Ligand code: CLA
Ligand code: CLA
Ligand code: CLA
Ligand code: CLA
Ligand code: CLA
Ligand code: CLA
Ligand SMILES: CC1=C(/C=C/C(C)=C/C=C/C(C)=C\C=C\C=C(C)\C=C\C=C(C)\C=C\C2=C(C)CCCC2(C)C)C(C)(C)CCC1
Ligand SMILES: CC1=C(C/C=C(\C)CCC[C@H](C)CCC[C@H](C)CCCC(C)C)C(=O)c2ccccc2C1=O
Ligand code: SF4
Ligand code: SF4
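Protein chains in written order, with the deposited numbering: chain D, 71 to 207; chain F, 80 to 231; chain H, 57 to 138; chain E, 65 to 127; chain A, 38 to 110; chain I, 5 to 30; chain C, 2 to 81; chain B, 3 to 733.
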């Protein structure tokens with residue numbers, strides 16, 4: 071799948087809060103989320119309250135990644151809305167995470183790679199052993 | 080047993096007199112013929128009576144002037160622990176045996192937990208008296224008083 | 057509305073709040089201070105000078121007439137059993 | 065068609081199961097060789113997670 | 038849980054018993070019907086007033102038969 | 005004599021706390 | 002960061018994924034169960050370690066296990 | 003990169019968590035990065051020399067201050083009517099009334115009254131001058147150095163030992179028994195007969211004359227000839243003045259038993275004889291196991307051979323040798339267990355059998371020492387039960403221990419735990435029951451209706467020891483038996499004199515009040531053991547968490563899933579037991595102190611009646627003895643007990659502070675700090691400064707610790723403030 075990319079989009083109406091980005095964004099990382107609304111609706115917005123959704127591309131910048139998903143998972147419910155978020159970084163860069171595969175993680179997809187799958191089954195783990203590793207490899 | 084019996088005790092005897100004088104001090108302000116009067120005097124006779132009974136039944140009484148129970152098993156003082164103890168275990172087992180007998184009868188069929196929160200089954204068919212002879216559970220022991228699922 | 061990957065700074069609170077002031081200076085009296093405050097500007101050298109300045113505390117306590125270090129005198133209590 | 069009947073009672077041998085040495089009734093047993101754990105089992109008592117069923121490996125005793 | 042059918046359902050653990058009392062007065066968790074709730078709490082206030090009223094009756098009664106109020110007067 | 009040492013027992017925390025602070029932030 | 006593992010005792014009910022708020026897990030084609038799916042833990046970097054995934058697992062004991070390891074800002078859940 | 007260097011995963015923590023955890027894991031060598039069994043063993047061995055260096059330095063300072071700021075000499079000349087001095091006080095905050103009140107013991111300045119009993123100890127062994135104390139301080143300072151020298155020496159490659167060397171157990175036992183125990187005891191018996199005993203009699207035998215002064219009139223011959231009774235012909239007279247050559251015998255080895263009547267302490271001749279006696283058993287015993295000479299035993303094989311046929315212990319102790327020798331947690335838990343037991347054995351035998359001169363009359367010191375060691379013994383026991391689980395999790399090999407006595411404990415663990423529950427539930431239901439019952443009638447004004455069970459079993463033991471109180475007619479106090487006549491004078495006449503002493507603490511009189519408390523203590527023991535073994539047997543896992551083995555000894559939890567899993571680790575079970583341990587020792591020390599301060603006042607009658615109901619404890623013990631304490635500093639005056647009144651309140655404050663970390667939990671505090679992090683950022687003149695470590699709430703396990711530390715510190719300090727002051731005030 072090819073990541074779509076985000077360039078410029080308008081931000082939803084809100085007026086400000088004290089739960090926004092703070093320094094971490096400047097020096098480590100900050101996460102942005104994009105979704106399209108068929109109507110200028112009203113959504114809760116985590117770390118604050120009441121913001122108008124807007125109609126169009128809709129671009130929002132948040133922190134922790136998790137804040138974006140919470141909004142996104144609420145965005146998929148209530149309103150039938152598709153969404154995507156990325157990790158901006160401080161020096162440009164384009165890291166796109168979620169959906170990623172382009173199909174939701176909960177929905178099985180054809181070529182993902184297992185990563186950290188144990189075909190032993192739990193309870194068959196060993197006991198140390200002063201060697202490196204913990205046995206739940 | 081440095082204690083000398085409540086009969087030849089001067090402290091335990093003194094303690095009796097001390098308690099009733101205080102009670103007598105109270106009735107002086109109510110005037111006999113009155114309610115608080117008997118209640119005080121009824122309390123006094125009970126006081127005399129319990130002091131009287133304790134000396135009868137034995138009871139050794141320490142230097143402090145209060146009865147000390149002997150649970151060594153001494154035949155002279157069996158009524159102080161063993162005989163009440165035998166009576167307790169009897170009722171203690173009886174309860175234990177009746178309760179166990181209940182949960183067993185419930186388990187087959189029905190919704191077992193239904194019977195536990197609500198028991199519109201009283202003593203089941205007739206389970207209570209089964210405790211009159213609980214000690215015969217010794218014979219339940221030689222058969223299957225215990226389940227063989229875990230260990231022996 | 058205004059996010060620009062080009063400048064990551066304005067995007068964040070990178071900007072100095074208007075409390076910054078990069079304006080002119082202060083009177084020439086500085087020429088004096090710069091001369092006499094120089095030995096304390098070195099760092100590390102100053103760290104040491106202040107710690108060894110703790111030699112003052114030793115001097116001040118070795119010699120101190122009015123701190124309670126005397127009974128002044130009394131006849132002490134025995135006292136519960138002597 | 066494989067080891068355990070449909071209505072047979074079975075003793076669990078997992079060691080990590082809530083019903084480690086207990087007994088339970090089997091729902092059914094899938095026949096796909098691919099399946100690591102078929103032999104679904106019902107239990108009278110639930111575990112700390114309020115589930116009554118679980119799928120097990122072929123290794124167990126009957127009764 | 039008497040209040041709710043699934044809640045009432047059946048008991049499998051002792052936790053059910055503790056839950057039963059914990060959410061006994063939690064009227065807005067038994068229904069989403071505002072009218073049903075409001076009707077519930079309004080009646081509940083009556084039941085309250087009865088208890089405090091009974092409470093008062095015992096205070097006056099005890100003052101009459103089991104007190105020395107006259108003597109204190 | 006004994007009025008010189010309990011303060012160096014307090015110069016020492018100043019020195020120790022300073023050094024350790026430099027050690028832990030490095 | 003935190004260490005998460007998936008076990009073949011899984012049955013592919015996908016509840017561990019739906020529970021995760023940081024998107025650490027995902028479903029994978031497999032031949033081990035009737036669902037023919039299995040959980041995966043690719044993005045452990047975003048894992049906070051809250052064990053929401055474990056409280057959704059229906060397998061007799063967890064098919065997904067979270068082992069709290071080294072702490073990072075992401076794992077610490079810091080927004081500052 | 004950063005601290006901790008031994009843990010890279012810890013060092014990369016951006017938060018304040020790294021500084022905390024870096025400190026709390028410094029001694030956990032096995033968890034350090036790139037740890038090897040070689041590095042593990044000689045880190046401990048080097049850390050061992052470090053501990054010895056501290057002890058010797060600590061003991062050196064004690065000998066120093068007493069020689070420099072303590073009278074001692076003034077104390078020696080009148081041990082009864084002078085107060086020992088620990089050290090001088092120097093505090094700028096002191097007001098003039100303070101410097102006033104604390105000037106005691108004939109000192110030029112304010113000092114602290116020593117309650118460690120070092121004066122009695124040092125005086126009894128033969129220290130008479132300040133000069134002697136200095137030479138000891140210098141010698142200990144020197145001993146403290148060569149310990150560090152050895153520590154540094156074996157860290158060097160050309161002197162470092164192999165792990166196998168450490169695992170040669172057969173030879174380490176042979177030396178420790180024969181040398182470390184035997185010889186050192188033998189050497190002490192030498193100091194006793196050369197210096198302590200003659201110093202006691204009146205002669206000053208020191209380095210400049212010990213070579214020319216016979217310890218006994220007759221030569222060393224009688225020992226070598228075989229006739230050793232000659233060392234007991236002329237013992238010290240009963241009416242003997244210590245440090246005075248009055249009524250002083252010649253014998254250096256006796257068995258008199260009982261106490262030296264003036265000092266109320268055990269005879270030095272008995273002790274010189276005691277250590278000599280025990281040295282031998284240790285000396286012969288240290289030759290049991292095989293080393294390099296072709297004779298001796300094999301521990302392994304003895305463990306292997308001990309298999310009872312026909313069940314019921316299974317493989318017995320096979321492979322158990324290697325399980326212990328390969329696991330130093332087993333060894334430590336086994337060591338703490340033994341040490342913890344005899345630590346109480348010290349406490350019990352040192353108040354009943356005072357070893358030092360004029361220590362029995364120092365009531366504040368006697369109470370302090372007992373209370374001291376019981377809490378020390380307490381914590382040690384919780385450690386033996388703590389390294390137990392750690393052994394199971396980190397070093398236990400189930401297969402190598404197949405069906406042996408150790409592996410049989412895990413397979414019937416539900417049996418041990420449930421009966422400990424029963425025994426705990428039994429004791430608690432009745433001990434509390436009998437108490438509350440007794441309080442009811444005294445409230446109702448009818449104390450003759452109480453349940454006062456006479457401890458007739460224990461009183462039967464007392465009569466069996468020689469006490470002629472009660473009518474029991476048992477051994478050592480009966481009419482015909484092999485037991486008492488086996489006395490053959492010797493110990494019995496001097497000892498039977500000592501047991502029927504109404505003054506000493508040697509076998510006090512016990513009654514109904516002593517019955518209830520002993521059950522309370524029994525309740526405290528069982529419950530504490532219940533918590534500790536349950537943590538051990540479920541350390542590798544339960545049914546709520548079968549893979550607890552995979553998470554280690556200490557982890558926060560396993561989450562709110564499956565109903566909730568708070569405090570499920572073996573570490574937390576320890577942490578819960580520490581509370582119960584403090585309660586148990588608390589009851590023990592309460593019981594010891596109250597019964598003694600009533601005895602010391604010549605009023606045991608108050609204890610015998612007030613100890614049977616719980617209001618008596620709180621009023622006649624807690625309330626009654628607090629008056630002088632809480633008036634250490636008054637809105638009118640200021641006493642010498644002002645330190646203890648302040649510390650008493652101090653202990654309350656630390657104690658209540660722990661409650662915060664134990665009740666309130668992390669998620670509240672973390673969210674609170676997050677608001678404070680926002681604040682600091684948005685506050686002018688403060689923006690210029692930034693933190694290098696991210697501010698975070700303490701961890702879940704850290705808080706349980708920090709809270710327990712506060713709880714324990716305040717627990718100790720409060721009672722310490724009360725134990726000393728209340729006893730010191732009245733004396
Ligand atoms: C104006 C009065 C008022 C009213 C009408 C309510 C009503 C309600 N509350 Mg609220 N509450 C109140 C005051 C009130 N509260 C106050 C002053 C506090 C602060 C203490 C609280 C704290 C509180 C909490 C934390 C919760 C509620 C909850 C609720 C809801 C259901 C809970 C329930 O059924 O009770 C259940 C009753 C019990 C579980 C009985 C418990 C046993 C009691 C506490 C022992 C009392 C001891 C007794 C007085 C003395 C000892 C006697 C003994 C020795 C025999 C219900 C809407 C719950 C909710 O979720 O809201 C929807 C909820 O969790 N309340
Ligand atoms: C021979 C004695 C001995 C030895 C050699 C060890 C050795 C060890 N223990 Mg063990 N322990 C012991 C006795 C011993 N213990 C006893 C008697 C107990 C009962 C309490 C314990 C309970 C115990 C627990 C619960 C744990 C250990 C652990 C450990 C290991 C790492 C400890 C560490 O570095 O953390 C660092 C230690 C500190 C940073 C100590 C500072 C904190 C304490 C509270 C300071 C003292 C209190 C306070 C500061 C006093 C100030 C008051 C002030 C007002 C005056 C290490 C092998 C740990 C382990 O094995 O890892 C898995 C572990 O969790 N021990
Ligand atoms: C706030 C008020 C206050 C203060 C600041 C002090 C301060 C002091 N008191 Mg005073 N005291 C006070 C109130 C106070 N006291 C009150 C109200 C009373 C009752 C009237 C007393 C009664 C009293 C007595 C009887 C004595 C003192 C003594 C002392 C001195 C301790 C000697 C020393 O520093 O050695 C070293 C300091 C310590 C050993 C403290 C270590 C404890 C820490 C917390 C634990 C270990 C930390 C650990 C290693 C972590 C490492 C970090 C570190 C390296 C930075 C010190 C000057 C003693 C003295 O005069 O000294 C000769 C003395 O004997 N005080
Ligand atoms: C004669 C030979 C000899 C001797 C004297 C020692 C002595 C010692 N060894 Mg070594 N060892 C030896 C041979 C020997 N070893 C051999 C052949 C090997 C293997 C090949 C080892 C391997 C070894 C290891 C690995 C270690 C030691 C350690 C120790 C020290 C133990 C810690 C301690 O000081 O407490 C000594 C205890 C006592 C002196 C008394 C015994 C305890 C009783 C119960 C106390 C009660 C006494 C009394 C009633 C109370 C009096 C109190 C009063 C005085 C106030 C001790 C100095 C440890 C260490 O390094 O030191 C810290 C340790 O790590 N040894
Ligand atoms: C399991 C509970 C338990 C525990 C841990 C203890 C522990 C202790 N007891 Mg207590 N004791 C108990 C129960 C217990 N006792 C009971 C039920 C009684 C009768 C009331 C006594 C009477 C008693 C006396 C007179 C004395 C002690 C003393 C002591 C201390 C010394 C050891 C001893 O002799 O006791 C021996 C304990 C037993 C022989 C009983 C073992 C536990 C059994 C299995 C409980 C069930 C027995 C059952 C009720 C018998 C039925 C009675 C009858 C109907 C046949 C020690 C702290 C002595 C002490 O130091 O006083 C301060 C002391 O003199 N105990
Ligand atoms: C007695 C124990 C104790 C103490 C001292 C505190 C103290 C505090 N709590 Mg706590 N709490 C406690 C028990 C305690 N709590 C318990 C048992 C619970 C369970 C319910 C709680 C639950 C709780 C909650 C939910 C909260 C607090 C909060 C607070 C803080 C309020 C702000 C403040 O006053 O700062 C001032 C500090 C003091 C008054 C303490 C004494 C200060 C000393 C005297 C001065 C400094 C001494 C000296 C300079 C130290 C240097 C010596 C050197 C050697 C180190 C304060 C630190 C709140 C908070 O976070 O702040 C808003 C808060 O939200 N507490
Ligand atoms: C005599 C006496 C005494 C003693 C006692 C003793 C010491 C004993 C014992 C004992 C013992 C040591 C016992 C044991 C055991 C065991 C076991 C092993 C058990 C069991 C059981 C069971 C099984 C039960 C069951 C049941 C029943 C039957 C009833 C109900 C309940 C149930 C149901 C639960 C004294 C002297 C104290 C007192 C006096 C008297
Ligand atoms: C107050 C509190 C905090 C906040 C505590 C913090 C932030 C600790 C910071 C303490 C400050 C730095 C002062 C402490 C000074 C100490 C005397 C440390 C001395 C230095 C060395 C001896 C270590 C928690 O994080 C917490 C977590 C879980 C349960 C309960 C609680 C809890 O009660
Ligand atoms: S612990 Fe939390 S972040 Fe980690 S996999 Fe589970 S749900 Fe996702
Ligand atoms: S909860 Fe367990 S069975 Fe379900 S998808 Fe996740 S790992 Fe698989």
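Heads up, the beta-carbon is just placed ideally off N, CA and C, and yes, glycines get one too.
Can you tell me the Cβ-Cβ gap for residue 113(B) and residue 90(B), rounded? I've got them flagged as a contact below 8 Å. For the purposes of this step, residue 113(B) is taken as residue 111 along the eighth chain, with counting starting at 1. For the purposes of this step, residue 90(B) is taken as residue 88 along the eighth chain, with counting starting at 1. Sure, about 5 Å apart at Cβ, within 8 Å.
Would you report the Cα separation of residue 38(B) and residue 44(B), rounded to the nearest angstrom? Translated into positions along the eighth chain, residue 38(B) becomes position 36. Translated into positions along the eighth chain, residue 44(B) becomes position 42. So the two alpha carbons sit approximately 10 Å from each other.
Contact between the stretch 83 to 93 of chain E and the stretch 123 to 134 of chain H (3+ Cβ pairs under 8 Å): no
Count the other C-beta atoms from every protein chain shown that fall within 10 angstroms of the C-beta of residue 617(B), then say buried if there are 16 or more, exposed otherwise. Counted from its first residue, the eighth chain places residue 617(B) at position 615. Residue 617(B) comes out exposed.
Residues with C-beta closer than 6 Å to any heavy atom of ligand 2, in chain order: 25(B), 26(B), 27(B), 28(B), 29(B), 30(B), 334(B), 338(B), 381(B), 382(B), 384(B), 385(B), 388(B), 392(B), 555(B), 556(B), 573(B), 576(B), 711(B) and 715(B)
Endpoints, alpha helix (DSSP H) assigned at residue 686(B): Numbered from its first residue, the eighth chain carries residue 686(B) at position 684. Segment: none, residue 686(B) is in no alpha helix (DSSP H) and carries neither H nor E.
Return no unless some Cβ of chain E is closer than 8 Å to the Cβ of residue 548(B). Sequence index remark: in the eighth chain, residue 548(B) carries index 546 (1-based). By this cut-off, residue 548(B) is an interface position.
What residues match up with residue 40(C) in a beta bridge as DSSP calls it? Locating residue 40(C) in the seventh chain gives position 39, where the first residue counts as 1. According to DSSP, which records beta bridges pairwise, residue 40(C) is partnered with 28(C).
Residues bridged to residue 90(B) (per DSSP): Position 88 of the eighth chain, counted from the first residue, corresponds to residue 90(B). Residue 90(B) is bridged to 113(B).
Closer than 7 Å by beta-carbon distance: list the chain H residues that pair up with residue 11(I), in chain order. Looking up residue 11(I) in the sixth chain gives position 7. By Cβ distance, chain H contributes 113, 114 and 117.
C-beta neighbour in chain B for residue 93(D), strict 8 Å: In the first chain, counting from the first residue as 1, residue 93(D) sits at position 23. True, the Cβ-Cβ gap to chain B drops below 8 Å.
Would you mind telling me which residues of chain D sit closer than 8 Å to residue 398(B), beta carbon to beta carbon, in chain order? For the purposes of this step, residue 398(B) is taken as residue 396 along the eighth chain, with counting starting at 1. Simply 197.
Please name the residue, chosen from 22(C), 23(C) and 40(C), that lies closest to residue 30(C) on a Cα-to-Cα basis. Walking along the seventh chain from the start, residue 30(C) turns up at place 29. Minimum Cα distance to residue 30(C) is reached at 40(C).
Answer yes or no: the CB of residue 216(F) versus the heavy atoms of ligand 7, is any distance below 7 Å? The residue given as residue 216(F) occupies position 137 in the second chain. Yes, Cβ of residue 216(F) sits closer than 7 Å to a heavy atom of ligand 7.
Buried or exposed for residue 119(H), going by 16 or more other Cβ atoms inside 10 Å? As a first step, residue 119(H) must be located in the third chain, where it is residue number 63. Burial call: exposed.
If contacts are defined as beta-carbon pairs under 8 Å, then residue 1(B) and residue 132(H) qualify, I think. What distance do you get, rounded to the angstrom? Missing from the structure shown is residue 1(B); chain B here goes from 3 to 733 and no further.
Rounded Cβ spacing between residue 341(B) and residue 389(B) (contact assumed at less than 8 Å): Here residue 341(B) is taken as the residue at index 339 of the eighth chain, counted from 1. Here residue 389(B) is taken as the residue at index 387 of the eighth chain, counted from 1. In fact, because the Cβ distance is near 12 Å, the residues do not count as touching under 8 Å.
Give the DSSP bridge partners of residue 75(E), in chain order. Along the fourth chain, read from residue 1 onward, the residue named residue 75(E) stands at position 11. Partner(s): 87(E) and 125(E).
Here's a check: name, in chain order, each residue in its chain whose Cβ is nearer than 7 Å to the Cβ of residue 715(B), leaving out the five neighbours to either side. Position 713 of the eighth chain holds residue 715(B). Excluding residues within five positions, the ones whose Cβ falls inside 7 Å are 656.
In chain order, what residues of the same chain have a beta carbon less than 6 Å from the beta carbon of residue 298(B), not counting five sequence neighbours either side? One-based indexing of the eighth chain puts residue 298(B) at position 296. Answer for residue 298(B): 291 and 292, listed in chain order.
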